[PDB]
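>>> sequence plus experimental coordinates follow:
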Amino acid sequence: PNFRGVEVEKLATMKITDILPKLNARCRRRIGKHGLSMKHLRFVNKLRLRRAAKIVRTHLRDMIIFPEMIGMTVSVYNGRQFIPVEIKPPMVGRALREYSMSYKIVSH
Amino acid sequence: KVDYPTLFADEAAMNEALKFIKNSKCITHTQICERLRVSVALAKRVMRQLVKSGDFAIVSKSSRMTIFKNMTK
Amino acid sequence: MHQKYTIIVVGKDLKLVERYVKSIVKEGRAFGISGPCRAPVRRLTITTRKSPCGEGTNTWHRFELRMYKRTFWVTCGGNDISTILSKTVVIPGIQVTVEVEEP
Amino acid sequence: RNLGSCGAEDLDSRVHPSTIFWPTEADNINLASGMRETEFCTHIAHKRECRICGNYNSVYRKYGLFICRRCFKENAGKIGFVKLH
Amino acid sequence: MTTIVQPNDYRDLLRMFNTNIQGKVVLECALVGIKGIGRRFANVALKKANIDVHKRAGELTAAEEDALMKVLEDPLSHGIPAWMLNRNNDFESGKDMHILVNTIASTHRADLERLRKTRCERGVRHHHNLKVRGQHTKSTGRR
Amino acid sequence: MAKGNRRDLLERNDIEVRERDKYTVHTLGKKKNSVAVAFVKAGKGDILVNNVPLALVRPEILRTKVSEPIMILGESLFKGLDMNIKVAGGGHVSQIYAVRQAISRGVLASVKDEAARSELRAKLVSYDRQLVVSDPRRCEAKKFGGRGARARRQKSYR
Amino acid sequence: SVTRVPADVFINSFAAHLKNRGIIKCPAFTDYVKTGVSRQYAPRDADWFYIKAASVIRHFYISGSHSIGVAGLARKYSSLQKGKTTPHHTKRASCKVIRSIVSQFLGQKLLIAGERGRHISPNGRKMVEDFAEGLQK
RNA sequence: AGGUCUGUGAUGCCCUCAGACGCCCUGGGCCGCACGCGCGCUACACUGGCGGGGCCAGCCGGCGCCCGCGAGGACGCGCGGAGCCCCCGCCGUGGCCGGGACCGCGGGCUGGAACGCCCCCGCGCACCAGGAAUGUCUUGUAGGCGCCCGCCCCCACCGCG
């Protein structure tokens, strides 16, 4: 497919910052202005090490998806268990809160 | 339920819309709407045309309501 | 010599603030000071539930604090630095009536 | 861990230097000057509390009191508040 | 205006974008009958077309009907801003477009398709029919 | 925006001082939160509100309500003199009534023979008493039982 | 003077004079705006810009030597927001149009700036009075 | 034996007391929904809706210039008040321009962090005065209209005025 005009194959290797001006307001603010904390960066670096050379579990539910985090495998915490999540290009620009459900649907 | 137009065809702007009111003495937009079963805007236009002619005169004017009198008799 | 001075007075009771005034003005007739400018009253207001818990009918307390202010700034040239103390001593000091001075 | 470091592109993205807008509320100087120490209380947030009974619920910040409502009807007479009208 | 009698070409019922429109209502309000159009968009559309806005819709000649159509499939190039469009940054194109009746169904239906496979929290609630926003539901909206 | 008790108003510092000394008379009218200040002098029959003539006022419907004292009293007197009222306070109608009260008192303060003043007072009060005497009633406070002065929050017994 | 005539006649007459004299010109953005978040749809008339300008200059004349800022003009053209299943509330107008009008008037020297805001200049008073007497009869 | 040991260096008697019910950190919940009702808000339209203009309050109270449709933002100084209403016009009995719930792109603010809140375009649910039952009210009162404070990092259909 295409990602705001950018194709998937080349979407990989993209510098988050170069693709940055083609994203929504939340990511623009958080990245270009706010910045980011050390823990998130260490998470990124651990991800990079794992890619270059096991499910990398985490508590972060406010970490945005970098394009280089594609085809990655990861688990995330809801409060009681770790929830694996598979990534895809349309998944980019979004926080992991959406992809790890914190509860179950209600059936009487 | 009830449908009313907003645009005469040729002759209805004479056979009734005018020929039938000129006999009246006092008239009003909603009265002429309920009489000729046509929406009010057309009535406004026609009354403007008539005051242009001079047959009727305004006695009380206002955005909510204006009414006329038949001077021609 | 001449400095253009101001006197502030603050209080929560109307009687002392109206008694300090008479003394000070009576004392300053010679130096050229003149009466006050009674300022707008500052109304502190608090509404609180009359109960430590939610129960029964909902009844409210209505506390308030009035603060009164009188300002004589009419000393100025009529009073020099040293002579100001002459006026702040003969008056009857009251335990609660802060009076501040500033040119 | 005093010698570790990351790619610079991963270091230009750190947070805004302008410290934080989450300082604790201190009424006077007596409170503070500003291993486990690394994380004992790093969660810096407001903790304004009744200067009488030390409670974080129902504190009147109006006029700079910081007095609970239940810890207030008792001392209102001393402070100067009077119940009229 | 000042139009009493009907134009010889006055058309009593008009058909556009597979939708049918009456010829006695004013133009700017009639066009609201379509999906993807409203009052704000319409005036900004007619006006660029050098069309009058207070004329009964049925008396719209044929020449105006096209130019009005042209500025509606080609909004941006004709000048209208990018903040007056119902689709601002497409997911695939990255463009700013204005989509209409034939498209609303597809772009919406295709949106939810993307949310089920992505497994978002929002998509599932679109399935059992809850509230996607954070509205409370304990005591409201009882079928 | 204007309170009605301001020193600038009861003195009318708006007017230039040299002319200020001509307006011998002063007057007051009110209603609710509304005040009227009439500085009056000799003239040839003119009137003004906030730099506005009397006819071109906003109560196109109550213009006669403002003009009443003129018609009930006659014209020669008012033609004799001139005014320039200023008003400040809540609402439009309140201001209308304040103004008419102020006019009545000011014109009635001009005569010098108190017998004439009494006769005119009797003539005027007969038509209405509120052209001469201020209206006392005023907004009443509200209580915590409910959302109104006298009405209460609806009570459910079950 | 000017206050011895109702505003409605003066405003329209002056706006017509102004449009005839090319004193001010409608920019591009005047044809897709709604004039304030409070407003619901855009204006019907095609020459509201000139009416607004006339009203604003009359407002600058009334205040005389006193100064006005733009945001103080926006609070005299406010309205009421509706359509929110919530109690209504008041909102301020937009200030881009007002800024354009005052800047254009100042460029014509009818309007001299001060320390804060702007105030009428004697030329503007001259012109306003002249037209006022022109329409007096 | 109404409520409050969950307001307190107010407290009697029991139970917790080094894998702690002590204190601190990371996430989540208190907002979850086939369902019954209590206090409110918005509406069912012509005694009206929309567009432009004119214009007056009080508890009390902070403004200029420039960008941006707007929300908001960058600079720099101490200075300041609304809705109803009135006037001119469009609509013309149609679940229609009444009503704006629901939902889909987008732009911003708060904050360490949106699940929170604003603005723009589009979509446009019921609702035609509401059964058995029932509440409040006598002058500046009922009702209608809006404006400030409380808690509050953002947020008022709430409450005191």
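Arrived safely. Numbers count the residues shown, from 1 in each chain, chains lettered A, B, ... in the order given.
>>> for the spatially most central residue of chain A, give its distance to chain G.
The centroid of chain A falls nearest to residue A:65 when counting by C-alpha atoms, centre = their mean (2.2 Å). Going from residue A:65 to chain G by C-beta to the nearest C-beta, to the nearest Å gives 35 Å. (Each C-beta comes from the backbone N, C-alpha and C, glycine too.)
>>> enumerate every residue touching that residue.
If a contact means C-beta atoms under 8 Å, 6 or more residues apart in numbering or on different chains, then residue A:65 has A:87, A:91-96 as its contacts.
>>> possible to save those residues as CSV with secondary structure, distance to residue E:139 and neighbour count?
Shown next, in CSV, are the contacts of residue A:65 (DSSP: H, G, I helix; E, B strand; the rest coil; distance: C-beta to C-beta, whole Å; neighbours: other C-beta atoms under 10 Å in any protein chain shown):
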residue, secondary structure, distance to residue E:139, neighbour count
A:87, coil, 39, 20
A:91, helix, 35, 20
A:92, coil, 38, 21
A:93, coil, 36, 20
A:94, coil, 32, 17
A:95, strand, 30, 16
A:96, helix, 32, 20
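>>> quick check, nearest of those to chain F?
residue A:95 (43.5 Å; C-beta to the nearest C-beta).
>>> end to end on stretch C:67-80, go ahead and measure it.
30 Å (C-alpha to C-alpha, to the nearest Å).
>>> contact partners of it?
Residues outside stretch C:67-80 that contact it (C-beta under 8 Å, 6+ apart): C:1-14, C:17, C:21, C:24-25, C:28, C:31-39, C:41-42, C:44, C:84, C:87.
>>> close to RNA strand H, is it?
No: Stretch C:67-80 lies out of reach of RNA strand H by C-beta under 7 Å from any atom of the strand, never closer than 11.6 Å.
>>> go through the lengthiest helix in chain A and flag the buried ones.
Scanning chain A for the helix with the most residues, using DSSP state H, yields helix A:38-52. By 16 or more other C-beta atoms under 10 Å in any protein chain shown, the buried positions in helix A:38-52 come out as A:40-41, A:43-44, A:47-48.
>>> packing partners for the helix or strand following it?
On the C-terminal side of helix A:38-52, the nearest following helix or strand under DSSP states H and E is strand A:73-77. Other elements packing on strand A:73-77 under the criterion 3 or more C-beta pairs under 8 Å, 6 or more residues apart in numbering or on different chains; DSSP states H and E are strand A:82-86.
>>> tell me the centre residue of chain G?
Judging by C-alpha atoms, centre = their mean, chain G has its centre closest to residue G:56, at 2.7 Å.
>>> which strand or helix spans that one?
In the assignment (DSSP H and E), residue G:56 maps to helix G:48-62.
>>> one step back: what about the residue nearest to the centre of chain A, distance to chain E?
11 Å.
>>> my guess is residue B:50 contacts residue B:44, does it?
No: taking C-beta atoms under 8 Å as the definition, residue B:50 is not a contact partner of residue B:44, at 10.8 Å.
>>> so is stretch E:126-139 next to chain G?
No: using C-beta under 8 Å from any C-beta of the partner chain, stretch E:126-139 stays clear of chain G, with a minimum separation of 12.2 Å.
>>> may I have that stretch exported as CSV, CA atoms only?
C-alpha atoms of stretch E:126-139 as CSV (Å, rounded to 0.1, in the frame of the first residue of the first chain):
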residue,chain,number,x,y,z
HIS,E,126,-17.3,-0.7,16.9
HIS,E,127,-18.2,-4.4,16.8
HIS,E,128,-20.4,-5.0,19.8
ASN,E,129,-21.8,-1.5,19.5
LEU,E,130,-20.6,0.5,22.5
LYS,E,131,-19.3,4.1,22.8
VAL,E,132,-15.8,4.8,21.4
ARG,E,133,-15.4,8.1,23.2
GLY,E,134,-15.1,7.9,27.0
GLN,E,135,-18.7,8.5,27.7
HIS,E,136,-20.2,6.8,30.8
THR,E,137,-22.6,4.0,30.0
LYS,E,138,-23.9,2.8,33.3
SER,E,139,-27.2,4.6,33.2
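>>> ok, residues contacting it?
By C-beta under 8 Å, 6+ apart, stretch E:126-139 touches A:105, E:112, E:115-116, E:122, E:125, E:141.
>>> in it, what counts as buried?
Buried, per 16+ other C-beta under 10 Å, within stretch E:126-139: nothing.
>>> residue contacts, residue F:80?
Residue F:80 neighbours (C-beta under 8 Å, 6+ apart): F:42-43, F:45.
>>> swap that for residue F:35, please
Per C-beta under 8 Å, 6+ apart, neighbours of residue F:35: F:4-5, F:9, F:28-29, F:87-89, F:98.
>>> so how far is the lengthiest helix in chain B off the chain centroid?
In chain B, ranked by residue count with DSSP H as the criterion, the top helix is helix B:40-53. Relative to its parent chain, helix B:40-53 has a centroid offset of 6 Å by C-alpha atoms, centre = their mean, to the nearest Å.
>>> so is it next to chain G?
No: contact of helix B:40-53 with chain G (C-beta under 8 Å from any C-beta) is absent, the minimum separation being 15.0 Å.
>>> need the three-state assignment for the most far-flung residue of chain G relative to its centre.
Relative to the centre of chain G, and counting by C-alpha atoms, centre = their mean, the farthest-placed residue is residue G:85 at 32.9 Å. Secondary structure state of residue G:85, per DSSP: H, G, I helix; E, B strand; the rest coil, is coil.
>>> OK, contacts around it?
Contacts of residue G:85 (C-beta under 8 Å, 6+ apart): none.
>>> keep the contacts of stretch C:67-80, but drop any that are not near chain F.
Counting by C-beta under 8 Å from any C-beta, no member of the contacts of stretch C:67-80 reaches chain F.
>>> are any of those buried, and which?
By 16+ other C-beta under 10 Å, the contacts of stretch C:67-80 give C:5, C:7, C:9-12, C:17, C:21, C:24-25, C:28, C:31, C:33, C:36, C:84, C:87 as buried.
>>> of the residues you listed, closest to residue F:36?
Among the buried ones among the contacts of stretch C:67-80, residue C:36 lies closest to residue F:36 (C-beta to C-beta), at 30.5 Å.
>>> max-length helix in chain C?
Max-length helix for chain C by DSSP H is helix C:14-28.
>>> which outside residues touch the following helix or strand past that one?
From helix C:14-28 onward toward the C-terminus, using DSSP H and E, the following helix or strand is strand C:42-49. Contact with strand C:42-49 is made by C:58-67, C:69, D:60, D:62-63, D:69, D:72-73, D:81, F:144, as judged by C-beta under 8 Å, 6+ apart.
>>> ok, of these, which come out buried?
So, by 16+ other C-beta under 10 Å, the buried ones in those are C:61, C:63, C:65, C:69, D:60, D:69, D:72-73, D:81.
>>> now, those residues that are in strands?
Within the buried ones among the contacts of strand C:42-49, residues falling in strands by DSSP state E are C:61, C:63, C:65, C:69, D:60.
>>> show me where chain E has strands.
Under the criterion DSSP E, chain E carries strands at the ranges E:13-16, E:19-22.
>>> ok, which of those strands comes nearest chain G?
So among the strands of chain E, strand E:19-22 is nearest, using C-beta to the nearest C-beta, at 19.7 Å.
>>> next, the buried residues of that closest one.
For strand E:19-22, by 16+ other C-beta under 10 Å, it's residue E:21.
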